[PDB]
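Form deposited in one PDB entry, single chain, as structure tokens, below.
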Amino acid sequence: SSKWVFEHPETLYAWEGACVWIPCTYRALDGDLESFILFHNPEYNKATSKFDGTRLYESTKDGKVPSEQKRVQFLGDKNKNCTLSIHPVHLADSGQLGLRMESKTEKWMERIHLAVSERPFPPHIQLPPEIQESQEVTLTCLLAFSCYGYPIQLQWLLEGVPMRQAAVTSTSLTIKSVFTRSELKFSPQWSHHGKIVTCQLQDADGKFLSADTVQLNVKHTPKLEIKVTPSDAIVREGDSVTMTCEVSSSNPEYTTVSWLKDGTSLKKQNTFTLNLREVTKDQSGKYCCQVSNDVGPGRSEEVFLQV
């Protein structure tokens, strides 16, 4: 009994004040249409074996001459298209819509769910699983809404400030999926680790509607800071010098630590402190530590000993 076959999304989302555009097609194997009624939450009376409830559209009354001012409009034909449109949609419209249709001696009822919330629902940011420094990533912000009579826009904010990188916004309004996607590419620095990325929903005039925030987990090599005593780095032979190596940032945590004298690894220096108890003249160069993690080896600044 596959007499009727409808192609449309199973659920359409919107909010109070906006509009909703419902794509819909059908194929009636039993000729063209004779009547089309649009119920809101129809209740089937088991006694009379008919459908009751508030009728939002009747093809025999408010659809005999299309009014163009109608809030609820049927944009379809007699045997193919059942695209509905409520502009503006209200909270009292949220529910289950019924597409009661009749042809020659047979009739059919079709359900469409219309979820309308009082406030604009937030979008959603889809992050890559591993974000690493100097590697371009594509952040995806999706929104399960798109209507013609109410244009929207998605805005990317980093740390509460718009991002200079351009985005690409695309909308799909088909019988399969309805959404507004905005993708943004940018090469993250190590400092972006722990920073907040926001995707804001705004109308045509740019008024804030909703948003979704995330915190970046940017892998990076250990950024190091080196200290030396004395600060002036001046000494005589035999006297002591101490250098310290402090990991200021590393994602993930560090693994090994070694020291370098003009690019030469001093052996047995597996700690963050470099003690030169009795110095000479042949030393006196440029020192730096190397701390690594899963990401790789990170190097600190250079200090001129010069003795």
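Don't overthink the numbering: it's just position in the shown sequence, from 1. Take the two forms, find the largest set of C-alpha atoms that superpose within 1.5 Å, and that set is the rigid core.
The same protein also has a form deposited in another entry, omitted here; what follows describes it.
**Q** Please look at 206, 194, 88, 230 and say which one has a C-alpha shift reaching 2 Å or more between this form and the one not shown, core superposed.
**A** Flagged residue: 230.
**Q** Is residue 285 one of the residues whose C-alpha moves 2 Å or more between this form and the one not shown after the core fit?
**A** Yes, shifts by 2 Å or more.
**Q** Using the core for the fit, does the CA position of residue 264 change by 2 Å or more between this form and the one not shown?
**A** Residue 264: C-alpha displaced by 2 Å or more between this form and the one not shown.
**Q** Could you check whether the CA atom of residue 56 moves 2 Å or more between this form and the one not shown, using the rigid core for the fit?
**A** Moves: no, less than 2 Å.
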